[PDB]
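Peer 1: Pasting a structure here, questions to come.
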Amino acid sequence: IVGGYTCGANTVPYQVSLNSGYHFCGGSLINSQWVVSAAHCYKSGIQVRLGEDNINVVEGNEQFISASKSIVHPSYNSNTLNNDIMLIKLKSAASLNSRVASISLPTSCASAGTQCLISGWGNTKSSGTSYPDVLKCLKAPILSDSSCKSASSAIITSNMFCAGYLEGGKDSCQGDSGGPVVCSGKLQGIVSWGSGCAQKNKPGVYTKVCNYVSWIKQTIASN
Ligand SMILES: COC(=O)[C@H](Cc1cccc(C(=N)N)c1)NC(=O)CNS(=O)(=O)c1ccc(C)cc1
Ligand SMILES: [Ca+2]
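Counted the way the entry's author numbering counts, the sequence shown spans residues 16 to 34, 37 to 67, 69 to 125, 127 to 130, 132 to 184, 184A, 185 to 188, 188A, 189 to 204, 209 to 217, 219 to 221, 221A, 222 to 245.
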């Protein structure tokens, strides 16, 4: 996260860290046994870490649980990042409490102008690299599709939405991928892609979760 602030230990209880010997992606706990993340974060041998703040120090509220199954969206296109979403089932249900909680799925799609909370342990520099050990937070508004396409010229599908600032300076970054974008207490997006980080007229692009609720629900019900 670039231009954000330190969230505070466990103030974002649904945030998870995907670890394969090191943190490589974020994720969101949607219930005691399932996590949602980005399809481009797919990898075998994933361990989910819950209740994390400083990912390099055992602080006492963590739950480390291995994944038993990973399900990338059937229509994920790695070239365009369309349908960049994946579900991860935990080998065992996590113990939910004040520091480890799930985030609800949306019942409707959020509108441009809505303020959302984005979080992660990704790079904090727009130029060069500097990885924080504690969770960073960023408040950012959903941008209109027209204002976005008009700025980045990049290809934005109906399963994506831009959030951030066209002036640059604040944005999600490398290592934040798969992380949550929460608006109105519901999971509305997943950190997906962008051109560099916090560059002017290059806002972050997120997976539009409201379009996948049916798939998520059905998949969780049969797996
Ligand atoms: C990959 O390294 C990076 O610094 C960022 C990471 C990232 C991830 C998720 C969201 C954001 C964000 N800004 N909100 C940033 N992405 C890039 O810089 C990618 N742009 S890119 O134009 O460099 C590019 C595009 C496609 C390929 C195969 C490789 C590189
Ligand atoms: Ca820790």
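The beta-carbon is built from N, C-alpha and C at its ideal position, and this holds for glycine as well.
Assuming residue 136 and residue 199 make a contact with CB atoms under 8 Å, what is their CB distance in whole Å?
Peer 2: At roughly 5 Å, the Cβ-Cβ gap stays under 8 Å, so residue 136 and residue 199 are in contact.
Peer 1: Assuming contact is defined by CB atoms lying nearer than 9 Å, are residue 184 and residue 209 in contact in what I supplied?
Peer 2: Contact flag unset, no.
Peer 1: Quick one: does the C-beta of residue 72 sit closer than 8 Å to a heavy atom of ligand 2?
Peer 2: Yes - ligand 2 has a heavy atom lying nearer than 8 Å to the Cβ of residue 72.
Peer 1: If you drop the 5 nearest sequence neighbours on each side, which residues of the same chain put their C-beta closer than 8 Å to that of residue 51?
Peer 2: Closer than 8 Å at the Cβ level, and outside the excluded window around residue 51, lie 105, 106, 107, 108, 242.
Peer 1: Taking 8 Å as the cut-off, does the CB of residue 135 come closer than this to any heavy atom belonging to ligand 1?
Peer 2: Incorrect: residue 135 has no Cβ contact closer than 8 Å to ligand 1.
Peer 1: Any chance the CB of residue 27 is under 8 Å from a heavy atom of ligand 2?
Peer 2: Residue 27: no, Cβ never under 8 Å from ligand 2.
Peer 1: Could you tell me whether any non-hydrogen atom of ligand 1 is closer than 8 Å to the CB of residue 213?
Peer 2: Yes - ligand 1 has a heavy atom lying nearer than 8 Å to the Cβ of residue 213.
Peer 1: Going by the CB atoms, is the gap between residue 62 and residue 53 shorter than 9 Å?
Peer 2: No; because the gap between Cβ atoms is not below 9 Å, this pair is not in contact.
Peer 1: According to the neighbour-count rule (16 or more other Cβ atoms, all chains shown, within 10 Å of its Cβ), is residue 175 buried or exposed?
Peer 2: The residue in question, residue 175, is exposed, as its Cβ has fewer than 16 Cβ neighbours within 10 Å.
Peer 1: Report the residue ranges of all beta strand (DSSP E) runs contained in full by the stretch 72-110; include only those spanning at least 3 residues, in chain order.
Peer 2: Listed in chain order, they are 81-90, 104-108.
Peer 1: Would you mind sorting residue 102 into buried or exposed? The rule is 16 or more other CB atoms within 10 Å of its CB.
Peer 2: Classification for residue 102: buried.
Peer 1: What first and last residue would you give for the alpha helix (DSSP H) that runs through residue 240?
Peer 2: Per DSSP, residue 240 belongs to the alpha helix (DSSP H) from 235-243.
Peer 1: Whose CA, out of 180, 155, 188, 165, lies closest to the CA of residue 145?
Peer 2: Selected option, being the one with the closest Cα: 188.
Peer 1: Can you have a look at residue 186 and say buried or exposed, based on whether 16 or more other CB atoms are within 10 angstroms of its CB?
Peer 2: Its Cβ having fewer than 16 others within 10 Å, residue 186 is exposed.
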